[PDB]
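Input: a single structure, listed below in structure tokens.
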Amino acid sequence: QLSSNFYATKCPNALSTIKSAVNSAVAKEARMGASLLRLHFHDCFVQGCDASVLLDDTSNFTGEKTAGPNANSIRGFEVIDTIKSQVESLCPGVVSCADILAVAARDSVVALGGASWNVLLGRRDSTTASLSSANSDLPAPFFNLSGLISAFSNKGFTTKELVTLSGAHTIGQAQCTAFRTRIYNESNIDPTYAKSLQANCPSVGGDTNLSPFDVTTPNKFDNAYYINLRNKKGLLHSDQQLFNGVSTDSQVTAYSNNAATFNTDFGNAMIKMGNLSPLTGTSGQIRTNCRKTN
Ligand code: HEM
Ligand SMILES: *[C@@H]1O[C@H](CO)[C@@H](O)[C@H](O)[C@H]1NC(C)=O
Ligand SMILES: [Ca+2]
Ligand SMILES: [Ca+2]
């Protein structure tokens, strides 16, 4: 029931407003564009794209923020707050947090050089959150190719699309604690690549130490992610699992040689993710504050 022109009459300038907030936020911090995109992913994979990941914990409620894959990982909440506030003065109670999260993800990719896609709008916000689902549904970086396939299959994604979506790691950064085991106890990685990574990612401590996902173009949305994979320069265990004599090898090679096919396929995959269990019609609500239920 989602449409790109959903806010055409209700709030004509909503999209422009969102693009502007994102553009400056990602200009001050390139990484922000990656945080926001990921934020949308963490929203959609846990009980639909309903902004459930934005609800703060309270005296009688526990959201998704403390979930294993969320705690100390996901960021961007502040940026979303100001985007919401601006749109609220523009047209009170029209634009939902769920849609904002979907647009921000898109504008961020574009700000970082990626190809834009038509975002479908019309999602409503939830009154609930699932800590448990956040823990189980979201993939872990130590998963093997089969496990990743299962994880995406549960949401209706195919192996190819999994490869397509992992491309999102063409921008952003990961904490040392997320790849430490790889650069030390793994062999399928360029020795020199590992060596340097061992420097700013001690086997003992320094968990917080961040390192780029795409060493070639850390903050530019392109197909370089796949090029790294071929040259065994993947950051996470889950990253190299796509190019290691397995089924996904061909797709990785296809993407590394043709950037356009990646750009196109990614947009389509994002639109698909944006359609994960949405609340529409009159169900849910248009939160005035993305951190709390009305
Ligand atoms: C294929 C399985 C995937 C796994 C196992 C996974 C896991 C991770 C982990 C461990 C981090 C870093 C967390 C931290 O250290 O704080 C991360 C970052 C990131 N991921 Fe994924 N991810 C996957 C899929 C995706 C998808 C499909 C998207 C969404 C389109 C995405 C977008 C990003 C972005 C852009 C970052 C960087 C965030 C930032 O710099 O703030 N990831 N991912
Ligand atoms: C991943 O694969 C390795 C080698 O088959 C295996 O030892 C390990 O237990 C697997 N872990 C997961 C989470 O699948
Ligand atoms: Ca959700
Ligand atoms: Ca890149």
Side-chain angles (χ1 to χ4, degrees), residues 26 29-35 37-38 41 69 72-75 108-109 112-114 139-149 151-152 159-160 162-263 265-266:
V26 65
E29 183 188 3
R31 229 265 276 217
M32 191 44 78
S35 300
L37 172 69
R38 178 189 181 196
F41 164 50
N72 293 326
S73 303
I74 55 170
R75 345 178 299 131
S108 294
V109 167
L112 299 174
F142 56 79
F143 278 17
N144 283 319
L145 189 268
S146 309
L148 298 170
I149 291 181
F152 280 67
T159 316
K160 175 171 176 290
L162 158 54
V163 179
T164 305
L165 288 170
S166 297
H169 293 157
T170 181
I171 52 173
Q173 298 195 84
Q175 290 170 80
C176 167
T177 188
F179 53 90
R180 171 185 282 127
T181 309
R182 178 168 202 276
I183 66 178
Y184 289 116
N185 300 164
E186 273 178 52
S187 39
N188 59 332
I189 173 178
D190 173 38
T192 31
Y193 180 51
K195 227 57 61 185
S196 52
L197 257 43
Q198 296 179 349
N200 55 280
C201 174
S203 43
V204 190
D207 306 309
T208 305
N209 294 329
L210 298 169
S211 294
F213 261 101
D214 179 345
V215 68
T216 323
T217 56
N219 295 297
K220 187 176 182 176
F221 203 84
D222 51 16
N223 59 329
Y225 168 74
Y226 305 96
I227 302 170
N228 290 325
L229 267 45
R230 294 190 70 196
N231 291 273
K232 298 186 184 303
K233 288 194 177 73
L235 226 205
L236 305 180
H237 171 268
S238 57
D239 286 321
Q240 200 59 253
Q241 281 289 304
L242 300 180
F243 191 78
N244 216 228
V246 292
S247 45
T248 42
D249 286 38
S250 52
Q251 195 51 68
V252 179
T253 304
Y255 283 150
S256 54
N257 286 292
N258 198 325
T261 44
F262 167 60
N263 291 118
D265 288 6
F266 188 72

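In this chain, residues are counted from 1 in sequence order.
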Which residues share a side-chain hydrogen bond (donor to acceptor under 3.5 Å, both in side chains) with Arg230, sequence neighbours left out: none

Contacts of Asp222 that satisfy side-chain hydrogen bond (donor to acceptor under 3.5 Å, both in side chains) - sequence neighbours left out: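 With neighbours one apart ignored, the set is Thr170, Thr217.
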
Could you pull out all donor-acceptor pairs under 3.5 Å where a side-chain atom in residues 241-248 meets a protein atom, sequence neighbours excluded?
unit_1, atom_1, unit_2, atom_2, d
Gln241, OE1, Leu145, N, 2.9
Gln241, NE2, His237, NE2, 3.3
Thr248, OG1, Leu242, O, 2.9

Charged N-O contact under 4.0 Å between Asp265 and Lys160: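 A salt bridge links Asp265 with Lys160.
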
Salt bridge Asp190-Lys233, side-chain N to carboxylate O under 4.0 Å: yes

Sequence neighbours excluded - ring-ring contact (aromatic ring centres under 6.0 Å, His included) pairs with any residue from residues 192-228: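 Residue pairs passing ring-ring contact (aromatic ring centres under 6.0 Å, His included), neighbours aside: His169-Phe213, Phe221-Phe262, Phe221-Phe266, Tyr226-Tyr255, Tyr226-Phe262.
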
Reported [atom1]-to-[atom2] distance for the pair [X] and [Y], which is rounded to 0.5 angstrom:
| X | Y | atom1 | atom2 | answer |
| --- | --- | --- | --- | --- |
| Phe143 | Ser238 | CZ | OG | 9.5 Å |
| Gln251 | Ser166 | CD | OG | 11.0 Å |
| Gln175 | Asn72 | CD | CG | 6.5 Å |
| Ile171 | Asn219 | CD1 | CG | 7.5 Å |

Reference residue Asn228; test side-chain contact (heavy atoms from CB on, under 4.5 Å); the match among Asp239, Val215, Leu235: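 Only one of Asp239, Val215, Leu235 forms a side-chain contact (heavy atoms from CB on, under 4.5 Å) with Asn228, namely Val215.
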
Flag for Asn144-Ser146: side-chain donor and acceptor within less than 3.5 Å: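 No, no side-chain donor-acceptor contact under 3.5 Å.
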
Donor-acceptor pair between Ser211 and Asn200 side chains, under 3.5 angstrom: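 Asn200 and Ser211 do have a side-chain donor-acceptor pair below 3.5 Å.
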
Any side-chain heavy-atom pair of [X] and [Y] under 4.5 Å:
| X | Y | result |
| --- | --- | --- |
| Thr181 | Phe142 | no |
| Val252 | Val163 | yes |
| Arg75 | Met32 | yes |

Sequence neighbours excluded, every pair satisfying salt bridge (charged side-chain N to carboxylate O under 4.0 Å, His left out) that has a member inside residues 169-189: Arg180-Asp207, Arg182-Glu186

Set of side chain to side chain contact (heavy atoms under 4.5 Å, CB included) partners for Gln173, sequence neighbours left out: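 Checked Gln173 against side chain to side chain contact (heavy atoms under 4.5 Å, CB included); matches are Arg31, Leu210, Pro212.
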
